[PDB]
Amino acid sequence: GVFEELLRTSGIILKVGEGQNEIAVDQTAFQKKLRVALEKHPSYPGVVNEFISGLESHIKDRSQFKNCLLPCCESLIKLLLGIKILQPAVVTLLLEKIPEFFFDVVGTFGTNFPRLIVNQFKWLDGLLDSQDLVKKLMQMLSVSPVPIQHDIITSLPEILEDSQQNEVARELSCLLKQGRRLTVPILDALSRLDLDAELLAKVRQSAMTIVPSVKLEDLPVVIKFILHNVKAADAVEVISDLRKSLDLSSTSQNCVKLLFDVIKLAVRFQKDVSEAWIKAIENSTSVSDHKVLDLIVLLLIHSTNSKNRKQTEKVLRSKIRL
Amino acid sequence: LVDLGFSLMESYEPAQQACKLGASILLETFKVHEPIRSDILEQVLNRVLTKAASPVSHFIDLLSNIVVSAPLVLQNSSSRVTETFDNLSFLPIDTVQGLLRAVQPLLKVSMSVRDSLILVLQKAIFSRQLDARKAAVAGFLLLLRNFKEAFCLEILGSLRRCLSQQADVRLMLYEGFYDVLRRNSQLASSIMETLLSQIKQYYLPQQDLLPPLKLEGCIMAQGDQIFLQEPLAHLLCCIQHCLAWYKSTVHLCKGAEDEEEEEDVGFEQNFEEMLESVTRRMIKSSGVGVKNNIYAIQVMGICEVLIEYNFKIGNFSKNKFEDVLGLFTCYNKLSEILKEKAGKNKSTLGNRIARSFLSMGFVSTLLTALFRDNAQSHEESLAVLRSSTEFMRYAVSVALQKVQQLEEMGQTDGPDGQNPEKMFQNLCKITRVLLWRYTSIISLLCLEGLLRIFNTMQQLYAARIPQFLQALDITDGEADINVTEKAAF
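Note that the protein sequences, when read in sequence, are chains A and B. Counted the way PDB author numbering counts, the first sequence spans residues 48 to 119, 135 to 312, 341 to 412. Counted the way PDB author numbering counts, the second sequence spans residues 384 to 396, 416 to 550, 583 to 718, 735 to 891, 906 to 941, 945 to 956.
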């Protein structure tokens with residue numbers, strides 16, 4: 048194997064066996080040395096393919112995937143994609159690995175190749191194509207399972223470059239306009255892309271539509287996002303809407347409790363949630379809008395944070411006598 | 384009582419004595435009667451982890467002492483915390499540190515504390531992630547919890595992307611590079627190369643450039659245009675102690691790895707090359739000030755980090771001493787926007803004008819070798835510079851000021867300069883060597913550090929009056948009366 052000799056003389060020692068391969072050279076050394084002293088190979092415009100084909104001839108046995116994948135500075139993949147002369151040709155040999163490695167029955171034993179093969183890109187500092195990464199990536203999210211979806215949308219904050227934010231968020235908001243396996247993941251990944259002043263209220267109003275038909279547990283998560291950045295003068299209407307949506311309890343011992351949990355964590359942690367979550371039921375059920383949840387909340391606010399004795403009082407008095 | 388504590392020993396405001423008392427009621431009540439204090443601790447945590455800035459001192463010390471006196475008081479009861487911990491991303495600049503430190507007792511217990519801490523912080527880094535993600539990344543790293583497949587070198591990378599955010603993130607990643615090193619054993623190549631990239635952008639690469647470096651000639655550490663990048667001196671001061679780090683700083687020789695086979699090449703071959711450079715080239735946003743004392747202050751500290759590099763790089767030989775003479779000529783040349791000096795009078799403040807100095811044993815080595823107490827064979831250079839007489843009796847304000855702060859504000863800033871014993875031993879060596887040439891011969909120096917050595921050796925720390933009171937005694941040092952013969956002598 049001519050590629051094998053080129054590698055071994057390049058220094059990073061053979062990685063044979065299930066054990067982690069050992070490359071005893073300087074890291075910056077091993078990279079600079081190999082990526083210079085390959086350039087004077089005979090077909091200096093024509094060796095790259097003949098070698099990388101050996102690379103794929105080395106990409107067969109899955110354990111070699113691990114020793115390919117595993118840590119050792136970075137990985138022989140995860141640094142070996144630093145030589146810019148290979149710098150645009152590595153991602154293409156790799157990123158197509160995720161489909162055919164997305165077939166078998168994957169469980170709790172560990173070797174989630176779709177974990178590793180897309181966990182390596184994060185934190186990259188020099189990689190050639192700035193757009194083509196996210197480009198191939200989005201359609202790479204085309205038809206995988208729900209697990210592969212959790213993966214590819216999992217590392218979006220770091221592996222994705224910091225260029226096309228509003229465009230990345232553009233694909234995002236409609237990828238999560240109305241869905242089923244994108245309340246946990248895609249509902250979280252909104253924190254990583256520090257989106258602009260524009261698409262924000264779009265994200266916000268796009269929130270409430272999933273919420274009145276949200277899933278079993280994710281009312282905890284949906285709740286955190288609803289009041290997360292809601293703070294501001296533009297909150298109280300946020301509270302009116304939030305009240306109108308949520309509005310009554312069906341089960342969920344842990345569910346009703348945790349809903350009280352989030353409501354209490356926010357009940358004394360944000361700035362104006364005190365004035366608001368009261369005010370939205372505090373003048374705004376002219377007709378039968380008072381409900382269970384909108385009453386039980388009267389005590390949490392009225393005996394949780396000690397500034398609200400006289401506050402919970404006159405509210406309870408009017409809305410009882412009237 | 385427990386109500387008396389939580390509602391006096393905070394809110395009470416002698417007045418300082420009153421609060422000091424209230425510590426007793428709350429703490430003692432936590433002491434004796436064993437069933438009724440679990441709600442005491444929960445009153446405390448959220449009394450002092452959600453408020454305005456005054457709640458650092460009283461309640462912060464009280465939480466420190468409570469948890470610290472807590473012999474595993476939460477050591478199987480930590481369920482208020484795991485939802486306290488997330489609240490912290492809006493606290494002030496100083497409070498987030500002390501919260502981390504105080505809980506640092508409890509962190510040693512169980513992965514249910516830590517496996518949730520790491521997450522409720524990590525999420526901060528991908529997004530806005532203010533100093534708090536840093537105070538925390540380093541605190542977990544600069545701790546034994548850092549010990550123990584090692585993928586957390588990831589977050590070790592996460593900083594390395596942080597390294598360009600602002601100035602503040604710059605200064606932070608710097609100031610703790612040392613300690614993170616000093617604990618850190620494997621994680622050496624990374625701190626090395628990471629620095630090399632920050633400094634590979636500094637200086638004209640080819641020799642013969644008119645300025646080896648410029649106020650805008652070193653690239654930067656974090657920013658560099660309108661918000662100083664890593665301060666040129668700072669970017670280098672990290673470079674210096676870290677430079678001492680590979681062999682003799684983090685690893686004394688790194689014989690196994692870091693200095694193994696003259697490893698210096700990687701972490702500092704380019705270093706030492708740049709070293710001899712930044713000296714030899716010493717021939718030759736900031737309107738007036740920031741330009742001078744930060745950009746050309748990178749030269750101020752250029753001679754700062756220089757004095758270390760040269761005059762500890764082997765400074766028996768007369769070459770490096772001639773060089774130090776040069777650099778101080780340059781620094782004194784810089785003293786044009788004002789003037790500056792040494793120390794020669796009472797030191798209940800420090801010295802007359804200044805900023806950061808060299809290291810923390812530097813007042814020691816320089817003050818006790820070229821300030822008297824150093825007669826021997828190779829006295830040539832030590833006379834040559836010894837005949838400075840403007841660049842020694844000005845080079846003592848550095849020691850007079852390191853001391854006139856390093857007990858006026860709690861912990862004086864230099865690498866390995868908080869742990870109170872290593873504040874101590876130096877705190878005494880400076881005093882003896884001040885004496886034996888202010889009691890054996906710009907002249908009131910090693911004995912106008914005396915108002916200062918004393919007031920801030922006794923009032924800001926008393927439990928050691930017997931330990932250090934005898935120490936001034938020539939060659940010795945039982946009590947104020949027991950060592951009264953020493954006290955009378």
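Don't be surprised by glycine CBs; every beta carbon is placed ideally from N, CA and C.
I need the straight-line Cα distance from residue i to residue j, nearest angstrom please.
i, j, result
"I787 (chain B)", "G800 (chain B)", "21 Å"
"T713 (chain B)", "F956 (chain B)", "48 Å"
"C753 (chain B)", "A667 (chain B)", "9 Å"
"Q182 (chain A)", "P219 (chain A)", "14 Å"
"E65 (chain A)", "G241 (chain A)", "42 Å"
"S831 (chain B)", "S624 (chain B)", "39 Å"
"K796 (chain B)", "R916 (chain B)", "7 Å"
"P161 (chain A)", "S206 (chain A)", "7 Å"
"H460 (chain B)", "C421 (chain B)", "7 Å"
"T452 (chain B)", "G541 (chain B)", "21 Å"
"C910 (chain B)", "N618 (chain B)", "38 Å"
"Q826 (chain B)", "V834 (chain B)", "14 Å"
"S479 (chain B)", "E444 (chain B)", "11 Å"
"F112 (chain A)", "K550 (chain B)", "25 Å"
"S137 (chain A)", "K62 (chain A)", "11 Å"
"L543 (chain B)", "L590 (chain B)", "9 Å"
"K397 (chain A)", "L244 (chain A)", "39 Å"
"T779 (chain B)", "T920 (chain B)", "33 Å"
"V475 (chain B)", "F432 (chain B)", "10 Å"
"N373 (chain A)", "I288 (chain A)", "21 Å"
"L406 (chain A)", "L388 (chain A)", "8 Å"
"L644 (chain B)", "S736 (chain B)", "21 Å"
"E299 (chain A)", "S376 (chain A)", "16 Å"
"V246 (chain A)", "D280 (chain A)", "7 Å"
"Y91 (chain A)", "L237 (chain A)", "44 Å"
"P870 (chain B)", "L490 (chain B)", "29 Å"
"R928 (chain B)", "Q922 (chain B)", "8 Å"
"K741 (chain B)", "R805 (chain B)", "15 Å"
"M200 (chain A)", "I221 (chain A)", "13 Å"
"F807 (chain B)", "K184 (chain A)", "40 Å"
"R399 (chain A)", "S393 (chain A)", "7 Å"
"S110 (chain A)", "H88 (chain A)", "30 Å"
"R594 (chain B)", "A845 (chain B)", "37 Å"
With a cut-off of 8 Å on the beta carbons, I'd call residue i and residue j a contact; round off their distance for me.
i, j, result
"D224 (chain A)", "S529 (chain B)", "Not confirmed; about 12 Å, so no contact."
"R516 (chain B)", "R535 (chain B)", "About 16 Å; that fails the 8 Å criterion."
"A792 (chain B)", "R836 (chain B)", "With 8 Å as the limit, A792 (chain B) and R836 (chain B) do not qualify as a contact, their Cβ atoms being about 15 Å apart."
"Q620 (chain B)", "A655 (chain B)", "With 8 Å as the limit, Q620 (chain B) and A655 (chain B) do not qualify as a contact, their Cβ atoms being about 24 Å apart."
"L195 (chain A)", "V153 (chain A)", "7 Å"
"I210 (chain A)", "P176 (chain A)", "5 Å"
"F705 (chain B)", "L677 (chain B)", "5 Å"
"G101 (chain A)", "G144 (chain A)", "At roughly 19 Å, the Cβ-Cβ gap does not stay under 8 Å, so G101 (chain A) and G144 (chain A) are not in contact."
"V883 (chain B)", "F812 (chain B)", "With 8 Å as the limit, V883 (chain B) and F812 (chain B) do not qualify as a contact, their Cβ atoms being about 13 Å apart."
"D947 (chain B)", "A954 (chain B)", "6 Å"
"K293 (chain A)", "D362 (chain A)", "6 Å"
For the alpha helix (DSSP H) that residue i lies in, which residues bound it at each end?
i, result
"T497 (chain B)", "497–505"
"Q855 (chain B)", "847–855"
"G541 (chain B)", "533–543"
"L54 (chain A)", "49–57"
"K159 (chain A)", "159–162"
"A454 (chain B)", "Run containing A454 (chain B): none; DSSP gives neither H nor E here."
"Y612 (chain B)", "602–617"
"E952 (chain B)", "951–955"
"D517 (chain B)", "513–528"
"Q193 (chain A)", "Counting along the chain, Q193 (chain A) falls outside any alpha helix (DSSP H), and DSSP gives it neither H nor E."
"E707 (chain B)", "704–714"
"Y781 (chain B)", "768–784"
"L933 (chain B)", "929–936"
With contact counted as at least three CB pairs below 8 Å, one residue from each stretch, are the region 763–778 of chain B and the region 682–692 of chain B in contact? no
Counting Cβ pairs closer than 8 Å, one from the region 752–767 of chain B and one from the region 654–661 of chain B, do we hit at least three? no
Validate contact between the region 911–931 of chain B and the region 641–652 of chain B using beta carbons, cut 8 Å, 3 pairs: no
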